[PDB]
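Step one of this worksheet: look at the structure below.
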Protein chains: 2
Amino acid sequence: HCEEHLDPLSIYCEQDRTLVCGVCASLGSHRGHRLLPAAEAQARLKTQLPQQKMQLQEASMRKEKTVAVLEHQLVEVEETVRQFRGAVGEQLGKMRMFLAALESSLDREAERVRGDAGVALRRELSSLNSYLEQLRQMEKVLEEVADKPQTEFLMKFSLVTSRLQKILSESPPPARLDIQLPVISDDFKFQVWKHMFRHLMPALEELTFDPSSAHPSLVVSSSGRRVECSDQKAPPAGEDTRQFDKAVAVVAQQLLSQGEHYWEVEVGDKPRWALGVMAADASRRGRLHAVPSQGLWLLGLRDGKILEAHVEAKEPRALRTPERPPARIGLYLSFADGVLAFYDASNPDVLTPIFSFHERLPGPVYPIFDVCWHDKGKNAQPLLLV
Amino acid sequence: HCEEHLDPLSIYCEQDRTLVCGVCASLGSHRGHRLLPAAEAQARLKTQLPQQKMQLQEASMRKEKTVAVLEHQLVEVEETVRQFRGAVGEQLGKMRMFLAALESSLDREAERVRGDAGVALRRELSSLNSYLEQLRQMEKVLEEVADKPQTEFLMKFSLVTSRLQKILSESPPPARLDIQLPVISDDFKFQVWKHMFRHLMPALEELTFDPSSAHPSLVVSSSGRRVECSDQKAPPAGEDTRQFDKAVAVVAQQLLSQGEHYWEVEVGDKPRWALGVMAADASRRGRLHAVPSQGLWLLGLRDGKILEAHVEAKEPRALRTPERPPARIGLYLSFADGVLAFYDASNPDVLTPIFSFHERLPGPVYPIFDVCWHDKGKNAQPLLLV
Ligand SMILES: [Zn+2]
Ligand SMILES: [Zn+2]
Ligand SMILES: [Zn+2]
Ligand SMILES: [Zn+2]
């Protein structure tokens, strides 16, 4: 039953795995092959069956493994798309909400201005309208009684004279102040955009200084909000990893480890200071090396107008100092983006950036504040936690 | 009818303007006054009447003029409130529109990603499911055939072996499918805010150069969008104040006189160039003085990386050159705020400021572009009007 050479099917090619006839084995598909008979070939395959069953089941198992992983991936793709869309909506609705609130506030402004102006104008209008009624009566009665008996004539004339005299010699309205309603012209959109940044910042990280960590020559007041140096000698710090010994500074009690945070520090006219974050595991001993590899991310100002960033280098990098020694610094921290950014927050409405590090933070960090050395009393400025 | 002394009323008090009887005029409230009789008093007042009526008319005229002025003031206050509300609505709807458009674009992108991922995953699932059906058929036939004729048994066993071999060597990826799905981060708000500025700008002032004013050593192409110098000589400039003759430059055909405008100029790697505005009354002849007092507001770049602002002084002011030579400059102009602002538009999506003039402009001005000289063919870069 060869169906190709018309012989019974008796020869089995091993290296071809096909049952054949004699002609294809003599001069055909199997001229130089390893041949076997059909009987012992069948007897071999009846024993080879379990291996084939095992291999079939294993192949099905692998393909099913891939099916399961891919369907789980389909569910994961759906869920990730949902999360992306929802978070985009949330973080754009934040700014849209800011816009709606500002427009509502401006509507309040305009309505209040209109109401007060209308109140004052209608007050004067009522006064003048009563006045006009008075005067119309004056003219009518004078004309109508300029023919009456002498007694009536003189009485009415005297009354008219008195009424006209007083209403002419009446005191004007007292002194009000206008509510001008300042008008917006072109830069209003730009200023709204500038103002939106402060609201883009997260809720203020309400921090307090940790006197349990401060230098012994420092003093903390205002319930953890004020740190300053002193013009007097102090006992040396007790043996502790949680206390500075040479560089006068202090960390906050709160440990930042997740999410995003923002805090402002008031520095005023301080000639030298330093601000930033510090790795919690870092060592607070000796004169410090200001490099991020040692757990120190610091922005400094020296000599009153020299603003320095303590970058990974041999000497801290200088920065383009603003037109003033900044009076308030703002610090933004994010782990999901690994950034600590510095801002000149002297303007409560606009923040201008100063510097920002770019390193996936090992975490966690303590807010660190370097109120600089005594300098013989020429650096008595404090640090104020806003 | 004195009703207080019960006498007829006959005496008129001059300094009091009141009719009285004889007793109160003799020794009473009007005892030492200048008195007159009722007859001559009436004869005087009947002739004084027209003057009093005239004075009444004058007072009425004053009060009615004031009433009219106050009603006009009320109406003007109403209209001013309307205008204020409308302008606030317009300039906030700009940003709301940007937000909505960005959110819709991101939603479209995310939906495209989800659809493509679903298509690919269902493709792989169909492939693997057809494979599993094949393998179930393999197992079925293997279980059913272990007694059949030599031809049937060996034929089907060889076919099963071949099919399993082929589907094993045509194996799809055993792993999961790459998706690179969009993630939402903390910096999304900051990036949207940075992007919002370019859309806060007005619609691009699509400008065309004015060949009627350019230097004869210049050439305008690309339908008014491209201006270049030439590496070959040209005829001397024709007699016109409205044509540059010595300083190679060109103004736009459009005249800016009111409102706000914004236009971008692509400069690429051009080493020296200048951009800005020029007063229409200014003279475009001879060697020019680059000072706003002579109607020229210009920012220039020389030596490829030296960015200077041609401010009102004896020497051009230096500027903070960026870490790159800017590839596109943006110019914003406003009259109601008197500002000409320059931006590094090398990124057309985010703008970093470069300089800004601050003068309520005398007006009006033509956008002027100083495409610098050939420099012996080493300054052949063009100026491209976006
Ligand atoms: Zn063979
Ligand atoms: Zn054959
Ligand atoms: Zn009397
Ligand atoms: Zn009297």
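We number chain A the same way Swiss-Prot does; the residues here are 85-470, in that order.
Header entry for method reads X-ray crystallography, 3.3 Å.
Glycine is no exception: its Cβ is also placed from the backbone N, Cα and C atoms.
The annotation Zn(2+) 3 binding site is assigned in Swiss-Prot to A:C86, A:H89, A:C105, A:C108 on the grounds of a large-scale study or a structure entry. The annotation Zn(2+) 4 binding site is assigned in Swiss-Prot to A:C97, A:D100, A:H114, A:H117 on the grounds of a large-scale study or a structure entry. Residues annotated as phosphoserine in Swiss-Prot, with similarity to another entry given as evidence: A:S255.
Positions of the features from Swiss-Prot, shown on the structure.
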{"residue": "A:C86", "record": "Zn(2+) 3 binding site", "Cβ within 10 Å": "18"}
{"residue": "A:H89", "record": "Zn(2+) 3 binding site", "Cβ within 10 Å": "14"}
{"residue": "A:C97", "record": "Zn(2+) 4 binding site", "Cβ within 10 Å": "19"}
{"residue": "A:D100", "record": "Zn(2+) 4 binding site", "Cβ within 10 Å": "15"}
{"residue": "A:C105", "record": "Zn(2+) 3 binding site", "Cβ within 10 Å": "20"}
{"residue": "A:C108", "record": "Zn(2+) 3 binding site", "Cβ within 10 Å": "19"}
{"residue": "A:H114", "record": "Zn(2+) 4 binding site", "Cβ within 10 Å": "22"}
{"residue": "A:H117", "record": "Zn(2+) 4 binding site", "Cβ within 10 Å": "14"}
{"residue": "A:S255", "record": "phosphoserine", "Cβ within 10 Å": "5"}
Binding-site residues near ligand 1 among A:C97, A:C105, A:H114 (Cβ under 6 Å): A:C97, A:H114
Separation of alpha carbons, A:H114 (Zn(2+) 4 binding site) and A:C108 (Zn(2+) 3 binding site) (Å): 6
Residue pair A:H89 (Zn(2+) 3 binding site), the residue listed as 'phosphoserine' - Cα distance, angstrom, rounded: 134
Contacting recorded positions for ligand 2, chosen from A:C86, A:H89, A:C97, A:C105, A:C108, A:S255 when the Cβ sits under 6 angstroms of any of its atoms: A:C86, A:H89, A:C105, A:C108
Residue from A:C86, A:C105, A:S255 whose C-alpha is spatially nearest that of A:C97 (Zn(2+) 4 binding site), among the recorded positions: A:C105
Env. residues of Zn(2+) 3 site, Cβ within 8 Å of mean position of A:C86, A:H89, A:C105, A:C108 Cβ: A:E88, A:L90, A:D91, A:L93, A:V104, A:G106, A:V107, A:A109, A:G112
Using Cα positions only, nearest of the recorded positions to A:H114 (Zn(2+) 4 binding site) (A:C86, A:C105, A:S255): A:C105
Pairwise Cα distance for A:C105 (Zn(2+) 3 binding site)/A:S255 (phosphoserine) [Å, integer]: 135
Inter-residue Cα distance where the pair is A:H117 (Zn(2+) 4 binding site) and the residue listed as 'phosphoserine', in Å: 132
Cβ within 8 Å of the mean position of the Cβ atoms of A:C97, A:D100, A:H114, A:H117: remaining residues of the chain near Zn(2+) 4: A:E98, A:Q99, A:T102, A:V104, A:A109, A:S113, A:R118, A:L119
Conformational class of A:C97 (Zn(2+) 4 binding site) under the three-state DSSP mapping: strand
Whole-number Å value for how far A:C86 (Zn(2+) 3 binding site) lies from A:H117 (Zn(2+) 4 binding site) (Cα to Cα): 18
Cα-to-Cα gap, A:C86 (Zn(2+) 3 binding site) vs A:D100 (Zn(2+) 4 binding site), nearest whole Å: 15
